[PDB]
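A short write-up of the structure that comes next.
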Amino acid sequence: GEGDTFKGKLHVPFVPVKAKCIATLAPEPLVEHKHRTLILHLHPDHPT
Amino acid sequence: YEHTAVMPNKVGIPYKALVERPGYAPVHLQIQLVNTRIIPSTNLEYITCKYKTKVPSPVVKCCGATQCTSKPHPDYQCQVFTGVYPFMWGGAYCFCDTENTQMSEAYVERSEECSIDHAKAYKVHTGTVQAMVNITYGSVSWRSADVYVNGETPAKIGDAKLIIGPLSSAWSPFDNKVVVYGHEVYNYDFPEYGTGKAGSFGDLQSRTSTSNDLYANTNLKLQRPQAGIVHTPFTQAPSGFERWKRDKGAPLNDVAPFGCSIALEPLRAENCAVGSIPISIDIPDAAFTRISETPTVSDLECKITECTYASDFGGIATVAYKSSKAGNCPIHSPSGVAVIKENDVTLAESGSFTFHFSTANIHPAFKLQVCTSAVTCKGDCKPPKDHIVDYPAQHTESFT
Ligand SMILES: *[C@@H]1O[C@H](CO)[C@@H](O[C@@H]2O[C@H](CO)[C@@H](O[C@@H]3O[C@H](CO)[C@@H](O)[C@H](O)[C@@H]3O)[C@H](O)[C@H]2NC(C)=O)[C@H](O)[C@H]1NC(C)=O
C-alpha cells in the first residue's frame, strides 16, 4: 500500500518451546573381556 | 594437631590417614572428594542462531521510477527493477510497458528459534576451583562441606577447619575460546564480534538474545522477478548456524582428558582428576582422648592369607594383638603401597582379629600401623584371574 505501515502485532500462534521428545534406545552391546582389550559386540537397529 | 599431607586428586577414593599426636590416642581422618568443580571465568561475547529473511511487501508504481532510501535495518538490501509487467489477480497491473518499476526491500532478522535454540560464544580465564569434601573422622561420621581450593581460604564447617590446595596442575580442559550449545560445549574459535563471514559460524551475531541491534553478514543479494509475477526473489547463503550444527567436531563434553564431565550451570568441568592436593586440617582438641585409656598393642605378629593382585580388596590378613586393655584401636598403613578397608578394630584382652586390604605389588612389605605400634606384614600375592572390572580403588602402582 502507498501509505502508512498500519500497526497491530499479530501474535505467532505456535512459537518454539523446549519440550521432551521420546528418543530411541539402541540395543545393549554384548561385552567380551580380553587381556587389556575390550571386545565389543554391537547390533545397531539404526545408525547410531 | 594441625595435620598436613598431600593427597592425589581423585573423586571416589577416600584418603584415610592417621593423625598421630604423642600423649593421646591416635585419630584417623577420612577425606573423600565428592565433586571437583574447575569453574573458569566466563564472559559472553555474542549469541548466534539461524536467521530469517523478513521481506516487507514490495512497492510497485505503474509509471515513473521510485528511488530507494538506506534504512537503518541490519543488512538492509534495497534495489529497484524496471521493465517489469506484473500480472496479478484480475489481469495486468499497469500498461506503461517501459515506465513500470518495482522496488524490493529485504532485511535480516534473528529468527524465533534464537530465544530457545542458540549458541553462545565465551572467553574464559583461569578462574577459581572449588570442591565438595566428606571428612568422616574420629567418631563424628558426618560432613557436607563445599570448599574453595584457594589455599588462602579455609572452610569452617563442623568443628574441624581445613585448607586444601592450591591445585598442582592447571590443565583446564577449556581452551581460550569456548562455545556452548544446549548440553554440549566446544573449543571452537569463533571469529569475532561484527566480523562474521557469511556461511561460516557467526554469520548472525547479537550481543545478547534480547538485544534490539544485531549484525548480519549473510551476503544477501536480490533478484529480478521473472515473467511479471509479484514476488521478491532473493539469493542468500545458507544459514551459518545451520553449518557446524551438522559439521560440528567432537564435543569437549566427550573428549576432555582425565575423564572430566562438563556442566553449564556456572559453566564448569568437574571430577577432573589430575595432580595432587595439599590437604591441611585443624583437629579440635576435644576429639582427642588421653592415651591412658585406649589399648597399647605391643608384641604383635602378622600373617597374610591368600592375597590377590586385584584392584578390589583382594588382600586378607591376621594379626596377633597383645593388648593392654579392651576396646577399639584405629588401624592404618603409613606406606602407600597398601590401603586398608577397615576404619577401626575392636580388641579383647590379647585376642586376634583379621582385616581386609588391597595393593598392587607381588610382595607387599608394608608397615602396618595400629594405635601407637607397628608390624611388618610382608607376604606374597598372586595375579587376578579375570579382566572384567569397572573401576579401581588403590592406584599405587610402582616398581615391582
Ligand atoms: C560421608 O562418608 C560416609 C562414609 O562413607 C558416608 O556414610 C555412608 O552413607 C551411606 C549413604 O550415602 C550409608 O548407606 C546406607 O545404605 C543402606 C543400604 O541401602 C541404607 O539402609 C542406609 O540407610 C544407608 O543409606 C552408609 O550406611 C553410611 N556409612 C556407614 C558406615 O553407616 C556418608 O553418607 C558420607 N556423607 C556424605 C554427605 O557424602
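Sequence positions for chain B are given in Swiss-Prot numbering; the residues included correspond to 802-1201, in order.
Every residue, even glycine, has its Cβ placed from backbone N, Cα and C.
Within the set B:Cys850, B:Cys879, B:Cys895, B:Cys915, Swiss-Prot assigns B:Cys895 as the partner of B:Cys863, by disulphide bond.
Of the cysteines listed (B:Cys1103, B:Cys1108, B:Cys1130), Swiss-Prot assigns B:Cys1130 as the disulfide partner of B:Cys1172. The disulfide bond recorded by Swiss-Prot for B:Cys915 joins it to B:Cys850 [selected from B:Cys850, B:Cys1061, B:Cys1073]. Calculated from their C-alpha atoms, the gap between B:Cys915 (disulfide bond) and B:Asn935 (N-linked glycosylation site) amounts to 42 Å. In this structure, B:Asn935 are the recorded positions from B:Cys863, B:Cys864, B:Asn935 whose C-beta falls under 6 Å of some atom of ligand 1. Taking the Cα of B:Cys863 (disulfide bond) as the reference point, the closest of the recorded positions B:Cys850, B:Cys897, B:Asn935, B:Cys1103, B:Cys1108 is B:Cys897. Of all the disulfide-bonded residues listed here (B:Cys1061, B:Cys1103, B:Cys1108), B:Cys1061 has the Cα closest to the Cα of B:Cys895 (disulfide bond).
Of the listed disulfide-bonded residues, namely B:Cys850, B:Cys863, B:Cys1073, the sparsest Cβ surroundings within 10 Å are found at B:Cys863.
Taken residue by residue with DSSP, B:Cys915 (disulfide bond) is part of a helix. For the pair B:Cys1073 (disulfide bond) and B:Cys869 (disulfide bond), the C-alpha distance works out to 59 angstrom.
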